[PDB]
């Protein structure tokens, strides 16, 4: 359960990430494929090269949905229902995979934005990414 400070923290930090999200998403994805290879069995139909243009494109799609979610912290189930149908019903992603990508996202943010990545921001962001994960892996339609 997100606290209010959690929200004002989550929104604050996403302000800074902001127009850079697109590439943080791709870096995060790249980080995960690379550090936890099993995750690539989910994208058999993708170029998983280091420069990959699809990975970049997909990072952008991931980061948008993350933007979307920061706007809807009081009703995440409502806002991410379509992403939930996709990940839970259709693709059937093992939830451990979310833990891996969420960790790689945090690491990405830490890398590009050390001054904004205070312990407290770290803390709210981790709750955030894990709420998001619960919604995406739940079947509630």
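Numbering follows the first chain given and starts at 1.
Colleague: Quick check on the record: does 110 to 118 or 97 to 105 carry the larger mean Cα temperature factor?
Modeller: On average, C-alpha B-factors are higher across 110 to 118.
Colleague: Quick one: say whether 50 to 58 or 29 to 37 has the higher mean Cα B-factor in the deposited entry.
Modeller: Higher mean C-alpha B-factor: 50 to 58.
Colleague: From the list 63, 83, 91, 70, select the residue with the highest C-alpha B factor recorded in the entry.
Modeller: Within the set 63, 83, 91, 70, 70 shows the top C-alpha B-factor.
Colleague: Could you tell me which third, lowest, middle or highest, the C-alpha B-factor of residue 130 occupies within its chain?
Modeller: Its C-alpha B-factor, which the entry lists for residue 130, ranks in the lowest third among residues of this chain.
Colleague: Using only modelled residues of the chain, where does the Cα B factor of residue 12 rank: lowest third, middle third or highest third?
Modeller: It belongs to the highest third of the chain when residues are ordered by C-alpha B-factor.
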